[PDB]
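**Q** Once you've seen the sequence and the experimental structure below, I've got questions.
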Amino acid sequence: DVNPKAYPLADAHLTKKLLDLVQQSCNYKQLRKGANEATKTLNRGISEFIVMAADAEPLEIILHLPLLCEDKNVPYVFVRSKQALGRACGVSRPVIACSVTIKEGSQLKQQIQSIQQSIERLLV
Amino acid sequence: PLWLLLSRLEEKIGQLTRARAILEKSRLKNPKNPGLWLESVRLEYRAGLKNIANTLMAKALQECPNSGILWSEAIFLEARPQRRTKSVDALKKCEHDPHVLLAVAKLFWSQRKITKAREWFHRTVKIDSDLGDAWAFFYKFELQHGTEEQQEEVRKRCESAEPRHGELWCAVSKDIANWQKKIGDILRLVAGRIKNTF
Amino acid sequence: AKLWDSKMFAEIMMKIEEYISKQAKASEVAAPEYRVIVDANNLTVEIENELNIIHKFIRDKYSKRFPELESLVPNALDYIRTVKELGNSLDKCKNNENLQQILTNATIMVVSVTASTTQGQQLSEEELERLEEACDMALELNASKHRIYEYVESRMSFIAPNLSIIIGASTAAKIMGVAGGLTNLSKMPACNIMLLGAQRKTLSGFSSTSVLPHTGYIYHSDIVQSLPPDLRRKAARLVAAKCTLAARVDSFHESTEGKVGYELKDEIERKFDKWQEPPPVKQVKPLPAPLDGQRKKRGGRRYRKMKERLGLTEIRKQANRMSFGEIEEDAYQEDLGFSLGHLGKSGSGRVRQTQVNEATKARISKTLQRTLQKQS
Amino acid sequence: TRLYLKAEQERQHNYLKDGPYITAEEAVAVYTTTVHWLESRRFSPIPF
Amino acid sequence: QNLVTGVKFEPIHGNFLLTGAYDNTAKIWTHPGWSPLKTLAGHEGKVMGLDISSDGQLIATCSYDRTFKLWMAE
Amino acid sequence: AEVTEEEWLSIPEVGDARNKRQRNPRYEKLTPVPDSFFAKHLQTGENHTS
RNA sequence: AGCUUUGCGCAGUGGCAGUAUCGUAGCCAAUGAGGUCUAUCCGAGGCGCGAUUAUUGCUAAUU
């Protein structure tokens, strides 16, 4: 199965919703790909939420992101596939961490808030 | 001002956890207020809980993102290589109130960019606003800096502005404690305002 | 008042924790050793934040004597050693003294030339004594920092076993100390890690390429420096990315054997070999055989535009005509025989001058236009 | 061209390895002479 | 108004009911009547758990805010 | 003589390092100078009357 | 019930440039391509090879 270290793992419905929102954010120029860009967004406090994969090997290369999310008060979730997450980001290469940035006046704000509420009530 | 002063008393009392509870209740009763957030962040920072203070500052900046004081303390809450300039760039986009310009001038003076620090101090004083500890910081910097005639010029400009009305003096009391009884007659009258600020 | 007062407390704490570190080193060769490493790595940050304050104080104090040396020597330690060596007497033969070890020869001649026209007054004896006291304190702090780095480098096989494999313990020690901790190192993007330890070295009448910019400890690591200089930037980027991965693994104390580190090092070596791979055999293209058969070419808008561009123009049609027996006058010294022909000359048959054809106007390439747009 | 450029590569490599060939004292003398001349002529530096 | 995690009665008798949720708040309900009495408003993160002391006048509520709080009548 | 037969076989082939553009560049077209050159040359000969 | 945002198609009209457009069971690439400027900052394809009238078809002439 999946690594137990990724405890806030989303189910199929939330996985589909998260991938759809990630694709929409990519279309709106509101997404950052890669763990390094996710870390940069977290340090600058311009991240709505962080989506990271559960197939990263080793998973410890992105387990620092939950700590930064807790420090910066940003929701985070784990998806079951690093290949579908990359495809949602618009990149054929697998992506193990994507960050949805904050853009004032964006039409995705309501969907972003709904996804944040869904994620923040799923970790435990 | 009643909330933060009571919290400061509780900090002085030695029961810092009661101060934390009081500040939390104040923030609950007064949501999205930079003034309570600033004191809440300073409470953990002054208690040595730098990680907790940084987390509280991130939470504070999530709300009220245009707060100048929050960003001004945020950059100096960061290490000098660890995005002390990057957060300055991030906040300068957010707003341009004097608390920003004072913080940027202080950072430039910290790196001994004396010309740039002086220019940003002038922008903070002349352009941004005519209140706060801006004149005190400029005077301290020019005392540290090599300017001698300009050192008295800054004092003359500070005396020219900041009159007995108390608008600038009350804002100066945020860092110069001009609301104290001793300062009530040093350069102004206590009977005029004074008690409005903290 | 404050920095001087806090200096004694910092020195006392550093001495106590250095005695603790020496005791730990003796014991190695319930007070666990990991807490000792954490204390030493926080000591590194404290020493850095005291050394920069001392350097700022010296810079402010020494600016009265030789104000320009700060720009010539941006490095804090080099600044302190230089102001110690020169002191109040700038022209005291110190140029050929230990300065050659402190500074590069080019910047040595630059600082000597600048000191030739210092326009700065001498410093008082109290100012002197304070300056040498600050310099000695800074040198002692640097020595303590070197001792702490040596101790941490001696224990890098346990705290960061994976990252040790890639760049070695020395570079690991340097990056861990400058980052502020293994945890701080992990919570940092690979781009920032590559610039760890970078110095804004002054360029003295040279291009910014000669004085390697945006290069840190990783760029000067053994594996990165072993490549030809034309591939060292990509090597530094790749090694920094893999070191960031290893640090993230190490901060969670996983793969303590070093399996992740060995895999990352093998990947780095494979990529380096691929960059060093000899070029493949490439076929020679023979000359096309001459052809005399008719070839049908399409027309249309594109053909019309190419015909308009390459086609003969009235200004060029008239410049190709030379009058018979009308001996003109030379109009270009640098090239004889050159003439405008019938352009603006009698016998052309045209009263009015021919206008410039705008279809022959000079234009830049699409890729060149893209580069110009990017430059803006 | 090949021979001259090989010689030039050798010369530049030697300059980089042996450092500047003008000692500080000679550089100080030349710079001081230039500064004194410019001050005597009251030359105003060309601005940006 | 968010995912409810901690539900606990008064340890001595059915004096009241204490509830905690991901709404970063806690509420008190009369055990017989199930009507609200006092909303333990506060915290800044999701209230993961809670407990009431055997004495019954002590209420502790840990949260995602990295802090735990105590409640006594004043 | 001591070069083993395996060493003799293992001699690599020589590959060109120049890319496609260097080895086989596209034909470089030659174009006439713009008419502005003739215009400026004929304007050079013009002179003021004062 | 209208209005409107984003992406994807399908067409219509119009403008611009042919020193450029494609091909990739070749290689590398968000586990970071590539970095002259802004570098504790930037973030996406790059390279090699191949095709060619610097995309390719018909049609009309001469043949």
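**A** Yep, that arrived. Numbering: from 1, shown residues only, chains lettered A, B, ... in the order given.
**Q** and the longest strand for chain A?
**A** Longest strand of chain A, by residue count under DSSP state E: strand A:47-53.
**Q** That strand - which strands sit beside it in the sheet, and in what orientation?
**A** Sheet pairing for strand A:47-53, assigned by DSSP bridges, gives strand A:76-79 (parallel), strand A:97-101 (antiparallel).
**Q** and it, is it in reach of RNA strand G?
**A** No - Strand A:47-53 lies apart from RNA strand G when judged by Cβ under 7 Å from any atom of the strand; the minimum separation is 7.7 Å. C-betas here are computed from N, CA, C, even on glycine.
**Q** May I see the buried residues of that strand?
**A** By neighbour count on 16 or more other Cβ atoms under 10 Å in any protein chain shown, the buried set for strand A:47-53 is A:47, A:48, A:49, A:50, A:51, A:52, A:53.
**Q** Could you tell me how many residues sit around residue A:120?
**A** Using other Cβ atoms under 10 Å in any protein chain shown, residue A:120 has 19 neighbouring residues.
**Q** which residues does it contact?
**A** Contact partners of residue A:120, counting by Cβ atoms under 8 Å, 6 or more residues apart in numbering or on different chains, are A:75, E:22, E:46.
**Q** what would those residues look like in a markdown table with distance to chain C, neighbour count and secondary structure?
**A** Converted to a markdown table, the contacts of residue A:120 look like this (distance: Cβ to the nearest Cβ, whole Å; neighbours: other Cβ atoms under 10 Å in any protein chain shown; DSSP: H, G, I helix; E, B strand; the rest coil):
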| residue | distance to chain C | neighbour count | secondary structure |
| --- | --- | --- | --- |
| A:75 | 18 | 21 | coil |
| E:22 | 26 | 22 | coil |
| E:46 | 23 | 21 | coil |
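**Q** out of the residues you listed, who's nearest chain F?
**A** Within these, the smallest distance to chain F is 48.0 Å, found for residue A:75 (Cβ to the nearest Cβ).
**Q** Show me where the stretch 1-150 of chain C has its helices.
**A** When secondary structure is read from DSSP state H, counting those that start in this stretch, the stretch 1-150 of chain C shows helices at C:3-28, C:33-62, C:69-72, C:76-86, C:99-102, C:105-116, C:125-154.
**Q** Go through the ones you listed and name the closest to residue E:57.
**A** helix C:33-62 (39.7 Å; Cβ to Cβ).
**Q** which secondary structure elements does that closest one contact?
**A** Judged by 3 or more Cβ pairs under 8 Å, 6 or more residues apart in numbering or on different chains; DSSP states H and E, helix C:33-62 is in contact with helix C:3-28, helix C:76-86, helix C:125-154, helix C:156-159, helix C:161-179.
**Q** host element of residue E:5?
**A** With secondary structure defined by DSSP states H and E, residue E:5 is part of strand E:4-9.
**Q** Run a quick neighbour tally on residue A:9.
**A** Per other Cβ under 10 Å, the neighbour tally for residue A:9 reads 18.
**Q** Check residue B:30 too.
**A** The local packing count at residue B:30 equals 12, with neighbours defined by other Cβ under 10 Å.
**Q** Check the one 5 residues further on too.
**A** The tally of other residues near residue B:35 (other Cβ under 10 Å) stands at 18.
**Q** helix/strand/coil for it?
**A** The three-state assignment at residue B:35 reads helix, by DSSP: H, G, I helix; E, B strand; the rest coil.
**Q** mind checking the SS state of the residue of chain C most remote from its centre?
**A** For chain C, the C-alpha farthest from the mean C-alpha position belongs to residue C:325; by Cα atoms, centre = their mean, that distance is 67.8 Å. Secondary structure of residue C:325, reduced to three states by three-state DSSP: coil.
**Q** pretty sure residue C:152 contacts residue C:43?
**A** No - checked against Cβ atoms under 8 Å, the pair residue C:152 and residue C:43 is beyond contact range at 9.7 Å.
**Q** between those two, which one's more packed in?
**A** Taking residue C:152 and residue C:43 together and counting by other Cβ under 10 Å, residue C:152 has the greater number of neighbours (24 against 21).
**Q** Quickly note the distance from that one to residue C:28.
**A** With distances taken as Cβ to Cβ, to the nearest Å, residue C:152 is found 13 Å from residue C:28.
**Q** Stretch E:27-43 and chain A, are they touching?
**A** No - Stretch E:27-43 stays out of contact with chain A when judged by Cβ under 8 Å from any Cβ of the partner chain, the minimum separation being 12.8 Å.
**Q** quick one: buried residues of that stretch?
**A** By neighbour count, with 16+ other Cβ under 10 Å as the criterion, the buried positions of stretch E:27-43 are E:27, E:28, E:29, E:40, E:42, E:43.
**Q** Give me the outermost residue of chain F relative to its centroid.
**A** Of all residues in chain F, residue F:50 has its C-alpha farthest from the mean position, at 49.4 Å, by Cα atoms, centre = their mean.
**Q** Tell me who's in contact with residue C:153.
**A** Residues counted as contacts of residue C:153 (Cβ under 8 Å, 6+ apart) are C:169, C:170, C:172, C:173.
**Q** Now, of those residues, which are buried?
**A** Among these, those scoring as buried are C:169, C:170, C:172, C:173 (criterion: 16+ other Cβ under 10 Å).
**Q** isn't the last one right next to residue C:155, touching?
**A** This points to residue C:173. No - contact between residue C:173 and residue C:155 fails when scored by Cβ under 8 Å: they sit 9.2 Å apart.
**Q** returning to that earlier point: now render the contacts of residue A:120 as TSV, adding distance to chain B.
**A** Conversion of the contacts of residue A:120 to TSV gives the following (distance: Cβ to the nearest Cβ, whole Å):
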residue	distance to chain B
A:75	12
E:22	16
E:46	14
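**Q** Count the neighbours of residue C:329 for me.
**A** Neighbour tally, residue C:329, other Cβ under 10 Å: 7.
**Q** That one looks like it's in a strand, true?
**A** No - read with three-state DSSP, residue C:329 is coil and lies in no strand.
**Q** ok, so of the buried ones among the contacts of residue C:153, who is nearest residue B:46?
**A** Among these, and counting by Cβ to Cβ, the member closest to residue B:46 is residue C:173, at 32.9 Å.
**Q** Find the nearest non-adjacent residue to that closest one, please.
**A** Using Cβ to Cβ, 6 or more residues apart in numbering or on different chains and skipping the chain neighbours, the partner closest in space to residue C:173 is residue C:153 (3.8 Å).
**Q** next one: residue A:9
**A** With Cβ to Cβ, 6+ apart as the criterion, residue A:9 has its nearest non-adjacent residue at 4.7 Å, and that residue is residue A:78.
**Q** Tell me the bridge partners for the one you found.
**A** When bridges are called by DSSP bridges, residue A:78 pairs up with residue A:9, residue A:52.
**Q** Next, find the distance separating it from chain B.
**A** Distance from residue A:78 to chain B, counting by Cβ to the nearest Cβ, to the nearest Å: 22 Å.
**Q** hmm, back to that, to RNA strand G, which of the helices of the stretch 1-150 of chain C lies closest?
**A** Of all those, the one in closest proximity to RNA strand G, counting by Cβ to the nearest atom of the strand, is helix C:33-62 (9.1 Å).
**Q** Could you see whether RNA strand G lies near that closest one?
**A** No - Helix C:33-62 does not reach RNA strand G (Cβ under 7 Å from any atom of the strand); its nearest approach is 9.1 Å.
**Q** Does the helix or strand where residue A:13 lies reach RNA strand G?
**A** Assigned by DSSP H and E, residue A:13 belongs to helix A:12-27. Yes - counting by Cβ under 7 Å from any atom of the strand, RNA strand G has neighbours in helix A:12-27: A:24, A:27.
**Q** what number of residues lie near residue A:101?
**A** Here the number of neighbours of residue A:101 (other Cβ under 10 Å) works out to 18.
**Q** contacting residues around residue E:15?
**A** With contact taken as Cβ under 8 Å, 6+ apart, residue E:15 is in contact with E:9, E:31, E:56.
**Q** let's go with 10 Å and repeat that
**A** Shown in contact with residue E:15 (Cβ atoms under 10 Å, 6 or more residues apart in numbering or on different chains): E:9, E:28, E:30, E:31, E:32, E:52, E:56.
**Q** Doesn't the fifth one belong to a helix?
**A** Spelled out, it's residue E:32. No - when three-state DSSP is applied, residue E:32 is found to be coil, with no helix at that position.
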